[PDB]
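S.K.: got the complex split up, this is the first portion:
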Amino acid sequence: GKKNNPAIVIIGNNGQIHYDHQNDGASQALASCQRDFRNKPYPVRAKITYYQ
């Protein structure tokens, strides 16, 4: 109910975190970015880089 979504959330779990979908994982959100990704004229593209 926080108007945050559609959002994109980085959450890294060691194996010991329950994901709270009711808060949409706001507490354990390691990072989040605010972009909409629905009904676009062209397909949405994502670049994810793990580097150091």
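M.R.: Happy to help now that I have it. Numbering: from 1, shown residues only, chains lettered A, B, ... in the order given.
S.K.: And the residue nearest the centre of chain A?
M.R.: Closest residue to the average C-alpha location of chain A: residue A:9 at 1.7 Å, with C-alpha atoms, centre = their mean.
S.K.: what sits up against the helix or strand it falls within?
M.R.: Element membership for residue A:9 (DSSP states H and E) is strand A:8-10. Contacts made with strand A:8-10 from outside it, assessed by C-beta atoms under 8 Å, 6 or more residues apart in numbering, are listed as A:24-25, A:29-35, A:37. All C-beta spots, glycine's among them, are computed from the backbone N, C-alpha and C.
S.K.: among the residues you listed, which two are most distant?
M.R.: A:30 and A:37 (19.3 Å; C-beta to C-beta).
S.K.: all strands of chain A, in order?
M.R.: A:8-10, A:31-33 (DSSP state E).
S.K.: Look up how far residue A:8 lies from the residue of chain A most remote from its centre.
M.R.: No residue in chain A sits farther from the centre than residue A:41, which is 21.8 Å out by C-alpha atoms, centre = their mean. With distances taken as C-beta to C-beta, to the nearest Å, residue A:41 is found 19 Å from residue A:8.
S.K.: add chain B to the structure above, sequence below:
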Amino acid sequence: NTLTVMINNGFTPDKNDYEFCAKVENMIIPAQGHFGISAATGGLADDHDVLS
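M.R.: Following on from the chains above, chain B is added here:
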């Protein structure tokens, strides 16, 4: 010298609901300067109002 920008989109009554969007690090500014706000309304028509 980083110019960190946080936005509260005004969908909530929460004042501090701020979201980082962009910043420029190593930012050079005049040591002393004047603050000022300017707004224009060209072909289309928007009201530009600042409350505080």
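S.K.: if we can go back for a sec, now the strand holding residue A:9, how far from the chain's geometric center?
M.R.: Computed by C-alpha atoms, centre = their mean, to the nearest Å, the chain-centroid distance of strand A:8-10 equals 2 Å.
S.K.: and that strand, anywhere near chain B?
M.R.: No - Strand A:8-10 lies apart from chain B when judged by C-beta under 8 Å from any C-beta of the partner chain; the minimum separation is 12.8 Å.
S.K.: Could you spell out the sheet neighbours of that strand, each with its direction?
M.R.: With DSSP bridges as the criterion, the sheet partners recorded for strand A:8-10 are strand A:31-33 (antiparallel).
S.K.: buried ones in the strand it pairs with?
M.R.: Within strand A:31-33, the residues scored as buried using 16 or more other C-beta atoms under 10 Å in any protein chain shown are residue A:32.
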